[PDB]
Amino acid sequence: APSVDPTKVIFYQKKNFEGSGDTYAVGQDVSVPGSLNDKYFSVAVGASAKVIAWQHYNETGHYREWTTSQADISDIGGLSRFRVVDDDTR
Ligand SMILES: [Ca+2]
Ligand SMILES: [K+]
């Protein structure tokens, strides 16, 4: 994965971290823009950042927690909403 600052994550519209990336940071709750809905397919995850992610905008459907970089997030079945939070198990 490309280098990413500890408190940040970068979403890509291709698998394997290809193409231009969109950077988000700890403290952001994001409903993905209409034009980018379901279009993110990999994510570089910074050392102190954690992504809480949902298939649907209303925080339902396939659910994921990503604490490490993901080369393929196809399995969430179309990413629509996520939060970037401090990377802590508690
Ligand atoms: Ca979706
Ligand atoms: K992390």
Side-chain angles (χ1 to χ4, degrees):
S3 72
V4 50
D5 289 343
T7 61
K8 292 179 182 184
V9 308
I10 309 171
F11 277 99
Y12 304 89
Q13 295 181 51
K14 294 172 168 164
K15 295 182 191 171
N16 300 303
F17 322 105
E18 300 180 7
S20 59
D22 292 342
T23 299
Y24 302 87
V26 168
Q28 295 180 227
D29 305 330
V30 180
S31 292
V32 178
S35 66
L36 291 168
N37 189 222
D38 302 336
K39 304 301 189 196
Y40 284 149
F41 280 97
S42 61
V43 55
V45 177
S48 61
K50 162 176 179 182
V51 182
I52 299 163
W54 300 265
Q55 182 180 17
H56 303 321
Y57 279 122
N58 68 340
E59 300 182 354
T60 64
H62 293 292
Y63 175 77
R64 294 293 182 274
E65 302 182 358
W66 300 311
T67 60
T68 63
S69 297
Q70 304 289 319
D72 184 1
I73 57 169
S74 288
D75 70 346
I76 205 174
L79 173 61
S80 293
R81 176 156 173 94
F82 63 89
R83 311 176 53 215
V84 190
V85 302
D86 188 44
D87 190 8
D88 192 321
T89 54
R90 313 136 320 167

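This chain uses plain numbering: 1 for the first residue, then up along the sequence. Note: hydrogens, waters and symmetry copies are ignored here, and every other heavy atom, side chains too, is used. Counting convention: from 1, in listed order, for ligands and their atoms alike.
Of the candidates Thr89, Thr67, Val26, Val9, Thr67 is the only one forming a side-chain contact (heavy atoms from CB on, under 4.5 Å) with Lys50.
The count of protein N, O or S atoms under 3.0 Å from the Ca ion (ligand 1) stands at 4, with waters excluded from the count. Legend: protein N/O/S atoms lying under 3.4 Å from the K ion (ligand 2), waters omitted, number 5.
A side-chain donor-acceptor contact under 3.5 Å links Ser42 to the backbone of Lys14. Looking at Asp72, its side chain does come within 3.5 Å of a backbone N or O of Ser74 through a donor-acceptor pair. A donor-acceptor pair under 3.5 Å is formed between the side chain of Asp88 and the backbone N or O of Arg90.
Follow the hydrophobic side-chain contacts under 4.5 Å out from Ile73 and you never reach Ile52; the two are in separate clusters.
In this structure, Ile10 belongs to a hydrophobic cluster whose other members, linked by side-chain heavy atoms under 4.5 Å apart, are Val4, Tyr12, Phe17.
Judged as a ring-ring contact (aromatic ring centres under 6.0 Å, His included), the pairs with a partner in residues 57-90 (not counting sequence neighbours) are, in order, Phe11-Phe82, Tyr24-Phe82, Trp54-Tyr63.
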Test log, rule side chain to side chain contact (heavy atoms under 4.5 Å, CB included), inputs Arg81 and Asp29: CA-CA 8 Å; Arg81 176 156 173 94; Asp29 305 330; 3.8 Å; yes

Stepwise side chain to side chain contact (heavy atoms under 4.5 Å, CB included) check, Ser80 with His56: CA-CA 5 Å; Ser80 293; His56 303 321; 5.7 Å; no

